[PDB]
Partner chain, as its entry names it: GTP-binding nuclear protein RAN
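First comes one chain, alone, set out as structure tokens in the form solved without its partner chain.
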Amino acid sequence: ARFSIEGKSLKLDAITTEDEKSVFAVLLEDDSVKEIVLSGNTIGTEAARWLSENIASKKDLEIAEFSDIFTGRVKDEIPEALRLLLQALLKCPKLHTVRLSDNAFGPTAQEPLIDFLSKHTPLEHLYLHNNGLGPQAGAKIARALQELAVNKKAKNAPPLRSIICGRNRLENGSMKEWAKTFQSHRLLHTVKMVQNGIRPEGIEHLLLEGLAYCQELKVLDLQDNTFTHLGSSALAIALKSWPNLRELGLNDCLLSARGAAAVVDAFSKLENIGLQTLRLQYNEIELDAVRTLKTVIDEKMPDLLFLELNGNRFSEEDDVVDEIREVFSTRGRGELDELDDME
């Protein structure tokens, strides 16, 4: 059973009488509830206390979509409801996916968040995007998630599979911590830390000291973070570590021209590339690497389906473009994006 009040825009400081008889009747009557969507409403303290008691009873709850549930609330008054909700979830043994994005978590709201994240061993997919964390709080999430690995390990719990944490200003200052968090979770399948303001030295460290140890990695998205030649050379080295890589997201990462050359040259050296999606939008990439890429895709990437090169430093009119297009045509599979905004 799936319960949703999504986008109902409810200013719930508490749970009324008919609001309890006409809104959360299913959540208050059904026990086999497997999903709960509270996204798009404002949850006050009292309401949170109500839901908590009606959520801890759902022993088969697996998905908790609680993104966007505190808009309008005073940042430092959210901790009580958060704690009440997260502590109720720690009682749901089959809860594998938790989403808490689009929620402003100040340093205070971070305590119950940290305790929960460090204790919920059944967690497999976490979504924590756009919470205004920052470097300080970012390392706290990292650190807590490292405690999760230990608890999971002692309890034989399933491994963490997804980690979506972007648009949270993690930047360079919390990268030594995440590297450690990825060392703790080497069975990860999806990782997305887009738009965090991470810079060259943080990208390099994160890739080589962290992600590189994640061999089951299928999807990696480091969209909108500064790579430069440094970060790029660090990727060129990490690549060989992900034999199961399917999607590599690198849009707006300013890999640089030589950066991109180094990255393309790394791929050329990998055999059996099961890669399907390659995003290289706005990376200051120039013609020469695209020509090299052209060959690499044709000879070394038989499963490619999506290629993004818009915004780079070569023109759609260069002959390599029609060459690429022809690789797809002949194969009958794969597509290039529209190059309408080149440099």
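Only residues modelled in both forms are compared. For clarity, a rigid core is taken as the largest C-alpha set superposing within 1.5 Å between two forms. Numbering follows the first chain given and starts at 1.
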Looking only at C-alpha temperature factors in the entry, 294-302 or 42-50, the higher average sits in 42-50
Stretch with higher mean Cα temperature factor, 116-124 vs 100-108, is 100-108
Residue set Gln136, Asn272, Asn251, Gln183, per-entry CA B-factor max assigned to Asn272
In this crystal structure's PDB entry, the residue among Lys91, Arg143, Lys155, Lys94 with the greatest CA B factor is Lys155
Binned into thirds over the chain's modelled residues, the C-alpha B-factor of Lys176 lands in the middle
Sorting the chain's modelled residues by C-alpha B-factor and splitting them into thirds places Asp318 in the highest
Tertile call for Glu29 (CA temperature factor, within chain, third-based) is the highest
Of the three thirds of the chain ranked by Cα temperature factor, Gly259 occupies the middle
Of the three thirds of the chain ranked by Cα temperature factor, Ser241 occupies the middle
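The same protein also has a form solved in complex with its partner chain, omitted here; what follows describes it.
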Residue within 4.5 Å of its partner chain in the bound PDB entry by heavy atom, from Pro243, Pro79, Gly173, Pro122, is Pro79
Picking from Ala262, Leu187, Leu254, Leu270, the single residue whose non-hydrogen atoms come within 4.5 angstroms of its partner chain in the bound PDB entry is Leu254
For this session: Report whether all of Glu247, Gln276 and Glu338 sit within 4.5 Å of its partner chain in the bound PDB entry, measuring from non-hydrogen atoms.
Result: no
Does the 4.5 Å heavy atom contact test between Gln223 and its partner chain in the bound PDB entry come out positive?
yes
- Message: Using a 4.5 angstroms cut-off on non-hydrogen atoms, would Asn41 count as touching its partner chain in the bound PDB entry?
- Response: yes
When the contact criterion is heavy atoms within 4.5 Å, does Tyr282 count as touching its partner chain in the bound PDB entry? yes
* Answer with yes or no whether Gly134 is in contact with its partner chain in the bound PDB entry, where contact means some heavy atom within 4.5 Å. => yes
Within 4.5 Å of its partner chain in the bound PDB entry by heavy atoms, the stretch out of 223-231, 202-210, 141-149, 175-183 is 223-231
The mover among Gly173, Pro93, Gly106, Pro159 between the shown form and the other one, judged by a CA shift of 2 Å or more on the rigid core, is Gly106
If we fit on the core, is the Cα of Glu20 displaced 2 Å or more between the shown form and the other one? yes
Distance flag for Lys21 and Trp50 (Cα, change 3 Å or more) in the bound PDB entry: the two residues are closer
With the core held fixed, contiguous blocks of 3 or more residues moving 2 Å or more at C-alpha between the shown form and the other one run 16-22, 106-108
